[PDB]
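Novice: Just entry-v9.txt, nothing more (compact mmCIF, C-alpha atoms and all ligand atoms):
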```txt
# COMPACT_ATOMS: atom_id res chain seq x y z
CA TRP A 1 0.00 0.00 0.00
CA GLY A 2 0.94 3.67 -0.37
CA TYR A 3 -0.62 7.01 -1.31
CA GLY A 4 -0.37 6.86 -5.08
CA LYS A 5 -2.98 6.24 -7.75
CA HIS A 6 -2.58 2.44 -7.70
CA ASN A 7 -1.92 1.70 -4.03
CA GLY A 8 -3.52 4.63 -2.27
CA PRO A 9 -6.43 4.86 0.20
CA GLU A 10 -9.03 3.88 -2.43
CA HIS A 11 -7.34 0.50 -2.94
CA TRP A 12 -6.72 -0.39 0.76
CA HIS A 13 -9.92 -2.33 1.35
CA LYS A 14 -8.80 -5.18 -1.00
CA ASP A 15 -6.03 -6.30 1.39
CA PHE A 16 -7.51 -4.85 4.55
CA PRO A 17 -11.31 -5.10 4.22
CA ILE A 18 -11.60 -3.35 7.63
CA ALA A 19 -10.99 -0.15 5.60
CA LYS A 20 -14.79 -0.14 5.11
CA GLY A 21 -15.47 -0.90 8.77
CA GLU A 22 -17.78 0.79 11.28
CA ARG A 23 -15.11 2.85 13.04
CA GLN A 24 -12.51 4.02 10.56
CA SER A 25 -10.27 7.09 10.92
CA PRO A 26 -9.80 9.88 10.27
CA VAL A 27 -13.17 11.63 10.25
CA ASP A 28 -14.38 15.19 9.80
CA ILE A 29 -15.08 16.79 13.18
CA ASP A 30 -18.28 18.79 12.86
CA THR A 31 -17.71 21.31 15.70
CA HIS A 32 -21.45 21.87 16.09
CA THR A 33 -22.59 18.30 16.46
CA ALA A 34 -19.73 17.44 18.82
CA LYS A 35 -21.01 16.73 22.31
CA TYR A 36 -19.32 18.61 25.15
CA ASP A 37 -18.80 16.12 27.92
CA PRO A 38 -18.41 17.82 31.31
CA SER A 39 -17.66 14.42 32.93
CA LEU A 40 -14.34 13.78 31.16
CA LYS A 41 -11.36 13.97 33.52
CA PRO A 42 -8.60 16.31 32.38
CA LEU A 43 -6.22 14.66 29.87
CA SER A 44 -2.86 13.87 31.44
CA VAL A 45 0.25 13.98 29.26
CA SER A 46 3.34 12.83 31.26
CA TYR A 47 6.18 13.01 28.72
CA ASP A 48 8.45 13.90 31.61
CA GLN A 49 10.99 11.06 31.17
CA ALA A 50 10.34 10.15 27.57
CA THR A 51 13.00 8.07 25.93
CA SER A 52 13.29 8.55 22.16
CA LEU A 53 15.37 6.06 20.26
CA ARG A 54 15.59 6.39 16.51
CA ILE A 55 13.88 8.17 13.65
CA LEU A 56 13.11 6.30 10.43
CA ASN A 57 11.66 6.96 6.97
CA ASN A 58 9.61 3.80 6.38
CA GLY A 59 8.46 5.16 3.06
CA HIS A 60 5.17 6.36 4.50
CA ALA A 61 6.36 8.96 7.00
CA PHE A 62 9.18 9.86 9.33
CA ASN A 63 8.73 7.87 12.58
CA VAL A 64 10.35 8.70 15.91
CA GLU A 65 10.38 5.52 18.00
CA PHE A 66 10.36 5.43 21.79
CA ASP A 67 11.30 3.02 24.53
CA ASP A 68 7.90 1.77 25.78
CA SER A 69 9.33 -0.99 28.03
CA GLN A 70 7.92 0.70 31.13
CA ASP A 71 5.83 3.82 31.99
CA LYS A 72 8.10 6.67 30.76
CA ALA A 73 6.08 8.94 28.43
CA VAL A 74 2.41 8.17 29.09
CA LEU A 75 -1.08 9.47 28.40
CA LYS A 76 -3.86 9.09 31.01
CA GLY A 77 -7.16 10.73 31.94
CA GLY A 78 -9.60 12.32 29.57
CA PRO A 79 -11.65 9.60 27.89
CA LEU A 80 -8.95 7.13 28.82
CA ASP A 81 -9.29 4.27 31.32
CA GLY A 82 -5.82 3.26 32.46
CA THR A 83 -2.38 4.24 31.15
CA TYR A 84 -1.14 4.46 27.59
CA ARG A 85 2.53 4.27 26.62
CA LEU A 86 4.03 6.43 23.84
CA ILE A 87 5.63 4.22 21.20
CA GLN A 88 5.84 6.47 18.19
CA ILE A 89 5.42 9.86 16.52
CA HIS A 90 4.99 10.44 12.75
CA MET A 91 3.59 13.20 10.50
CA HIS A 92 1.02 13.44 7.73
CA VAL A 93 1.85 16.44 5.45
CA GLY A 94 0.38 17.99 2.33
CA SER A 95 1.87 19.46 -0.86
CA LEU A 96 0.02 22.77 -0.30
CA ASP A 97 -0.76 24.71 2.89
CA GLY A 98 -4.48 24.01 2.66
CA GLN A 99 -4.17 20.21 2.84
CA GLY A 100 -2.21 17.63 4.75
CA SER A 101 -4.16 16.78 7.90
CA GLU A 102 -6.22 13.57 8.13
CA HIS A 103 -8.83 14.79 10.58
CA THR A 104 -10.67 17.88 9.37
CA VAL A 105 -12.53 20.51 11.46
CA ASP A 106 -15.79 21.58 9.78
CA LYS A 107 -14.17 20.33 6.52
CA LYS A 108 -11.11 22.49 7.03
CA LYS A 109 -7.70 20.82 6.45
CA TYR A 110 -4.50 21.88 8.12
CA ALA A 111 -1.04 21.83 6.55
CA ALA A 112 -0.11 18.69 8.52
CA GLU A 113 -1.12 16.38 11.34
CA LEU A 114 1.29 14.88 13.90
CA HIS A 115 0.20 11.56 15.44
CA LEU A 116 1.57 10.44 18.81
CA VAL A 117 0.72 6.71 19.11
CA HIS A 118 0.18 5.19 22.57
CA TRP A 119 -0.83 1.65 23.61
CA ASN A 120 -2.86 0.39 26.65
CA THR A 121 -0.63 -1.06 29.43
CA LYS A 122 -3.27 -3.56 30.51
CA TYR A 123 -2.25 -5.55 27.41
CA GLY A 124 1.47 -6.23 27.77
CA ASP A 125 2.80 -4.76 24.55
CA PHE A 126 1.85 -3.01 21.29
CA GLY A 127 1.19 -6.24 19.37
CA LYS A 128 -1.22 -7.40 22.07
CA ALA A 129 -2.86 -3.98 22.36
CA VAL A 130 -3.79 -3.93 18.64
CA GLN A 131 -6.03 -6.97 19.21
CA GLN A 132 -8.18 -4.88 21.58
CA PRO A 133 -10.92 -2.34 20.76
CA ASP A 134 -9.31 0.02 23.36
CA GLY A 135 -5.68 -0.96 22.89
CA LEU A 136 -4.41 2.36 21.45
CA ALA A 137 -4.83 6.03 22.13
CA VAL A 138 -3.52 8.36 19.45
CA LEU A 139 -2.95 12.04 20.12
CA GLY A 140 -3.49 14.11 16.91
CA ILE A 141 -2.12 17.67 16.70
CA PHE A 142 -2.72 19.96 13.70
CA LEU A 143 0.04 22.17 12.25
CA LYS A 144 -0.62 25.63 10.87
CA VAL A 145 1.99 28.01 9.43
CA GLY A 146 3.14 30.60 11.96
CA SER A 147 6.25 30.93 14.08
CA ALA A 148 8.90 28.23 14.08
CA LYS A 149 8.16 25.31 16.37
CA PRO A 150 11.38 24.54 18.34
CA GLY A 151 10.19 20.97 19.05
CA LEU A 152 9.76 20.30 15.33
CA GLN A 153 13.14 21.87 14.46
CA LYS A 154 14.74 18.90 16.20
CA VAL A 155 13.14 16.74 13.52
CA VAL A 156 13.83 19.22 10.73
CA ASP A 157 17.61 19.03 11.40
CA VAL A 158 17.83 15.31 10.71
CA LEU A 159 15.56 15.00 7.68
CA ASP A 160 18.46 14.83 5.14
CA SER A 161 19.85 11.80 7.00
CA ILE A 162 16.59 9.93 6.50
CA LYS A 163 15.60 11.33 3.10
CA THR A 164 14.69 8.00 1.47
CA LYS A 165 12.74 4.86 2.41
CA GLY A 166 14.68 2.67 4.82
CA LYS A 167 17.05 5.24 6.23
CA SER A 168 17.11 5.57 10.00
CA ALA A 169 19.10 7.68 12.42
CA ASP A 170 19.70 7.85 16.16
CA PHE A 171 17.16 10.14 17.76
CA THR A 172 17.78 9.87 21.49
CA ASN A 173 17.17 12.82 23.84
CA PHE A 174 14.15 14.17 21.96
CA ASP A 175 11.57 15.70 24.27
CA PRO A 176 8.08 15.13 22.74
CA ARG A 177 6.71 17.85 25.07
CA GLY A 178 7.95 20.43 22.58
CA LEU A 179 5.36 19.32 20.04
CA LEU A 180 2.36 20.26 22.18
CA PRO A 181 0.20 23.43 21.92
CA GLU A 182 -0.67 25.51 25.00
CA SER A 183 -4.17 24.14 25.35
CA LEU A 184 -5.11 20.49 25.78
CA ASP A 185 -8.77 20.98 24.73
CA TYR A 186 -9.68 18.06 22.48
CA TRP A 187 -12.27 16.11 20.55
CA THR A 188 -12.43 12.34 21.08
CA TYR A 189 -14.18 9.42 19.42
CA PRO A 190 -13.57 5.71 18.81
CA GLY A 191 -11.66 5.05 15.58
CA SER A 192 -8.85 3.17 13.78
CA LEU A 193 -5.23 3.36 12.69
CA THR A 194 -5.23 5.46 9.50
CA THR A 195 -2.72 3.27 7.66
CA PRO A 196 -2.90 -0.46 6.92
CA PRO A 197 -3.68 -2.60 8.78
CA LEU A 198 -6.27 0.07 9.79
CA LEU A 199 -7.07 -1.83 12.99
CA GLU A 200 -10.01 -0.50 14.99
CA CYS A 201 -8.24 -0.18 18.35
CA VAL A 202 -8.04 3.53 18.91
CA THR A 203 -9.34 6.19 21.19
CA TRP A 204 -8.58 9.32 19.20
CA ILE A 205 -7.77 12.53 21.03
CA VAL A 206 -7.52 15.33 18.51
CA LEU A 207 -6.32 18.63 19.98
CA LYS A 208 -8.39 21.68 19.05
CA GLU A 209 -5.38 24.05 19.07
CA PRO A 210 -2.89 23.49 16.24
CA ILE A 211 0.79 24.15 16.84
CA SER A 212 2.48 26.57 14.48
CA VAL A 213 5.35 25.81 12.12
CA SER A 214 7.32 28.27 9.99
CA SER A 215 7.09 28.19 6.22
CA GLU A 216 10.75 27.10 6.23
CA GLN A 217 10.04 24.10 8.48
CA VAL A 218 7.01 23.05 6.33
CA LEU A 219 9.10 23.12 3.14
CA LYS A 220 11.77 21.00 4.79
CA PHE A 221 9.14 18.43 5.90
CA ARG A 222 8.07 18.14 2.26
CA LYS A 223 11.60 17.24 1.11
CA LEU A 224 11.52 13.65 2.28
CA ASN A 225 10.99 10.93 -0.30
CA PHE A 226 8.56 7.98 -0.44
CA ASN A 227 11.05 6.19 -2.70
CA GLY A 228 14.15 4.31 -1.68
CA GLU A 229 17.58 5.69 -2.58
CA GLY A 230 18.53 5.34 -6.22
CA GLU A 231 14.92 5.03 -7.38
CA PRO A 232 12.97 7.79 -9.15
CA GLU A 233 12.27 10.60 -6.65
CA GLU A 234 8.75 10.76 -5.25
CA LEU A 235 8.47 13.53 -2.69
CA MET A 236 6.72 12.42 0.48
CA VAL A 237 3.76 14.78 0.34
CA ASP A 238 0.05 14.20 0.70
CA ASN A 239 0.66 11.07 2.74
CA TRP A 240 -2.81 11.39 4.26
CA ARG A 241 -5.94 9.27 4.21
CA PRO A 242 -9.17 11.24 3.64
CA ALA A 243 -12.04 11.56 6.21
CA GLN A 244 -14.01 8.35 6.59
CA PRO A 245 -17.74 7.85 7.17
CA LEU A 246 -18.52 8.48 10.85
CA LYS A 247 -21.22 5.76 10.87
CA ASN A 248 -23.09 6.05 14.14
CA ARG A 249 -20.25 7.41 16.21
CA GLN A 250 -20.40 10.38 18.53
CA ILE A 251 -17.50 12.81 18.81
CA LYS A 252 -17.21 14.35 22.26
CA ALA A 253 -15.42 17.61 23.11
CA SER A 254 -13.66 18.40 26.38
CA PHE A 255 -14.57 22.06 26.07
CA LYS A 256 -17.67 24.29 25.74
HG HG A 301 -8.28 -3.60 17.68
ZN ZN A 302 -0.93 8.76 11.39
```
Could you render the structure as structure tokens?
Ligand SMILES: [Hg+2]
Ligand SMILES: [Zn+2]

Specialist:
Amino acid sequence: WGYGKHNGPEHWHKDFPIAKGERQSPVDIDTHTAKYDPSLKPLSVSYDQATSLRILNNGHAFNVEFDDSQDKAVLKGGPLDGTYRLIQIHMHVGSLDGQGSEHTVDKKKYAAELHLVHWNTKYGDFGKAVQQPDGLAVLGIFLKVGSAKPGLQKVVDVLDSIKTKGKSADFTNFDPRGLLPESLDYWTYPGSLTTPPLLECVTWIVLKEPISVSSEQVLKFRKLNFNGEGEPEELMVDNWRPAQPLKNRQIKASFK
């Protein structure tokens, strides 16, 4: 699978029929029909002793991997029951400023969407968690052009190292706290992974406030390649799956 004409989102269902399931992601978040839930506990993001490991271009995105062997960088509270361990961070980006995000707000698309993937500790590990309807919790954060984001610059500075599919680099000492906006107000609903296998295991927590990135950072994030080294260059842009039917799901908001 990929994002091109012959292996993109429209072809996914053939190998992963769950693509046409009852709780696929992303979805459009209609801000008016979203149900404020005053009973949600505040979301707790404890990235305090996160332990980043490596960054890799797997041909679909850059992916910062973390040590999830014990409770280091976790997500709790909010709609979450239990504790969720951060395992990875990757980005969906567009070719133009008005596209790139997977989730949309009242049909509006952002220039990019960062996904911070967490798994439920009551399951043992990531592989086990993805066999559970509540095994993952993914934190989605929109990116809009504005001032440079220091936390993203860390990534920006290593992009040439991992330009093509299969290249990886050491990425220890990266503090994922620098990728978060001031406000933790969010929308939440039960969904899926947005890339094959598209498993329906996730509690999505999409932050209302996007983080800003400079025009220079955005351009650099669009310089990665989908292709492997030595093959014809295919810039890694528009690596996003479109909004999926919401079916009978309800999106809740943590704010009024
Ligand atoms: Hg699942
Ligand atoms: Zn993603």

Novice: Tell me which of A:177, A:245, A:187, A:102 sits closest to residue A:31, counting only C-alpha atoms.

Specialist: A:187

Novice: Per residue of chain A within 7 Å of ligand ZN 302 (chain A), which atom pair is closest and at what distance in Å (one decimal), using all atoms listed in the file, listed by chain and increasing number, as JSON lines?

Specialist:
```
{"residue": "A:90", "atom": "CA", "partner": "A:ZN302", "partner_atom": "ZN", "distance": 6.3}
{"residue": "A:91", "atom": "CA", "partner": "A:ZN302", "partner_atom": "ZN", "distance": 6.4}
{"residue": "A:92", "atom": "CA", "partner": "A:ZN302", "partner_atom": "ZN", "distance": 6.3}
{"residue": "A:114", "atom": "CA", "partner": "A:ZN302", "partner_atom": "ZN", "distance": 7.0}
{"residue": "A:115", "atom": "CA", "partner": "A:ZN302", "partner_atom": "ZN", "distance": 5.1}
{"residue": "A:194", "atom": "CA", "partner": "A:ZN302", "partner_atom": "ZN", "distance": 5.7}
{"residue": "A:195", "atom": "CA", "partner": "A:ZN302", "partner_atom": "ZN", "distance": 6.9}
```

Novice: Using all atoms listed in the file, determine which residues lie at most 12 Å from residue A:87, disregarding the query and same-chain residues fewer than 4 positions distant; provide the list as a ChimeraX atom specification.

Specialist: /A:47,50-55,63-75,115-121,125-127,129,136-139,176

Novice: If we count only C-alpha atoms and set the cut-off at 12 Å, which residues sit around residue A:15, ignoring sequence neighbours fewer than 3 positions away in its own chain? Please answer as a list in words.

Specialist: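 Answer for this query is residues 1, 7, 8, 9, 10, 11, 12, 18, 19, 20, 195, 196, 197 and 198 of chain A.
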
Novice: Quick one: everything within 9 Å of stretch 246-250 of chain A, counting only C-alpha atoms, minus sequence neighbours fewer than 2 positions away in the same chain. Send it as an mmCIF file with C-alpha atoms, keeping the file's coordinate frame.

Specialist:
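Written output follows (part.cif):
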```cif
data_model
loop_
_atom_site.group_PDB
_atom_site.id
_atom_site.type_symbol
_atom_site.label_atom_id
_atom_site.label_comp_id
_atom_site.auth_asym_id
_atom_site.auth_seq_id
_atom_site.Cartn_x
_atom_site.Cartn_y
_atom_site.Cartn_z
ATOM 1 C CA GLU A 22 -17.780 0.790 11.280
ATOM 2 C CA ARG A 23 -15.110 2.850 13.040
ATOM 3 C CA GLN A 24 -12.510 4.020 10.560
ATOM 4 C CA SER A 25 -10.270 7.090 10.920
ATOM 5 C CA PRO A 26 -9.800 9.880 10.270
ATOM 6 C CA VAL A 27 -13.170 11.630 10.250
ATOM 7 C CA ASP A 28 -14.380 15.190 9.800
ATOM 8 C CA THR A 33 -22.590 18.300 16.460
ATOM 9 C CA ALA A 34 -19.730 17.440 18.820
ATOM 10 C CA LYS A 35 -21.010 16.730 22.310
ATOM 11 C CA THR A 188 -12.430 12.340 21.080
ATOM 12 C CA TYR A 189 -14.180 9.420 19.420
ATOM 13 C CA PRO A 190 -13.570 5.710 18.810
ATOM 14 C CA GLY A 191 -11.660 5.050 15.580
ATOM 15 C CA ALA A 243 -12.040 11.560 6.210
ATOM 16 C CA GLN A 244 -14.010 8.350 6.590
ATOM 17 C CA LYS A 252 -17.210 14.350 22.260
#
```

Novice: Looking at all atoms listed in the file, which of A:123, A:84, A:110, A:221 is the one that sits closest to ligand HG 301 (chain A)?

Specialist: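 Result for the nearest residue to ligand HG 301 (chain A): A:123.
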
Novice: From the list A:175, A:106, A:170, A:37, which residue is nearest residue A:151 when using all atoms listed in the file?

Specialist: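 Among the listed residues, A:175 lies closest to residue A:151.
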
Novice: Would you mind completing stretch 207-234 of chain A so that it carries N, CA and C atoms, and writing it out as a short mmCIF file (atom, residue, chain, number, x, y, z; two decimals), in the frame of the given file?

Specialist:
```cif
data_model
loop_
_atom_site.label_atom_id
_atom_site.label_comp_id
_atom_site.auth_asym_id
_atom_site.auth_seq_id
_atom_site.Cartn_x
_atom_site.Cartn_y
_atom_site.Cartn_z
N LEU A 207 -6.39 17.32 19.33
CA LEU A 207 -6.32 18.63 19.98
C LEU A 207 -6.93 19.72 19.08
N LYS A 208 -7.73 20.57 19.72
CA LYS A 208 -8.39 21.68 19.05
C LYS A 208 -7.37 22.75 18.59
N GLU A 209 -6.37 23.04 19.41
CA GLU A 209 -5.38 24.05 19.07
C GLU A 209 -4.19 23.51 18.28
N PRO A 210 -4.02 23.97 17.02
CA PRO A 210 -2.89 23.49 16.24
C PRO A 210 -1.61 24.17 16.76
N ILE A 211 -0.48 23.55 16.46
CA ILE A 211 0.79 24.15 16.84
C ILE A 211 1.22 24.86 15.56
N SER A 212 2.03 25.89 15.68
CA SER A 212 2.48 26.57 14.48
C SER A 212 3.85 26.08 14.02
N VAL A 213 4.08 26.18 12.72
CA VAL A 213 5.35 25.81 12.12
C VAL A 213 5.66 26.89 11.10
N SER A 214 6.93 27.24 10.95
CA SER A 214 7.32 28.27 9.99
C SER A 214 7.22 27.69 8.59
N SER A 215 7.14 28.59 7.62
CA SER A 215 7.09 28.19 6.22
C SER A 215 8.34 27.38 5.87
N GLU A 216 9.47 27.78 6.47
CA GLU A 216 10.75 27.10 6.23
C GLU A 216 10.71 25.67 6.75
N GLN A 217 10.16 25.47 7.95
CA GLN A 217 10.04 24.10 8.48
C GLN A 217 9.12 23.25 7.55
N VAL A 218 7.94 23.78 7.20
CA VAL A 218 7.01 23.05 6.33
C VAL A 218 7.68 22.56 5.04
N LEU A 219 8.40 23.45 4.37
CA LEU A 219 9.10 23.12 3.14
C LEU A 219 10.10 22.00 3.37
N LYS A 220 10.79 22.04 4.50
CA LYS A 220 11.77 21.00 4.79
C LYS A 220 11.06 19.66 5.01
N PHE A 221 9.90 19.67 5.67
CA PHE A 221 9.14 18.43 5.90
C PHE A 221 8.61 17.82 4.61
N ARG A 222 8.56 18.62 3.55
CA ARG A 222 8.07 18.14 2.26
C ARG A 222 9.22 17.67 1.37
N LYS A 223 10.44 17.66 1.90
CA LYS A 223 11.60 17.24 1.11
C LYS A 223 11.97 15.77 1.25
N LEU A 224 11.26 15.06 2.12
CA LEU A 224 11.52 13.65 2.28
C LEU A 224 11.02 12.95 1.01
N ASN A 225 11.40 11.69 0.85
CA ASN A 225 10.99 10.93 -0.30
C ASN A 225 10.28 9.65 0.16
N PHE A 226 9.31 9.21 -0.64
CA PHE A 226 8.56 7.98 -0.44
C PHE A 226 9.47 6.85 -0.96
N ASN A 227 10.18 7.15 -2.05
CA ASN A 227 11.05 6.19 -2.70
C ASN A 227 12.31 5.85 -1.91
N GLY A 228 12.91 4.73 -2.30
CA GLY A 228 14.15 4.31 -1.68
C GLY A 228 15.24 4.99 -2.50
N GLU A 229 16.46 5.03 -1.94
CA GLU A 229 17.58 5.69 -2.58
C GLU A 229 17.93 5.03 -3.90
N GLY A 230 18.19 5.85 -4.91
CA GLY A 230 18.53 5.34 -6.22
C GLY A 230 17.31 5.13 -7.12
N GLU A 231 16.11 5.21 -6.57
CA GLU A 231 14.92 5.03 -7.38
C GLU A 231 14.41 6.40 -7.81
N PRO A 232 13.46 6.45 -8.77
CA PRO A 232 12.97 7.79 -9.15
C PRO A 232 12.36 8.52 -7.93
N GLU A 233 12.72 9.79 -7.78
CA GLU A 233 12.27 10.60 -6.65
C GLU A 233 10.77 10.89 -6.60
N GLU A 234 10.16 10.53 -5.48
CA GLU A 234 8.75 10.76 -5.25
C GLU A 234 8.70 11.43 -3.91
#
```
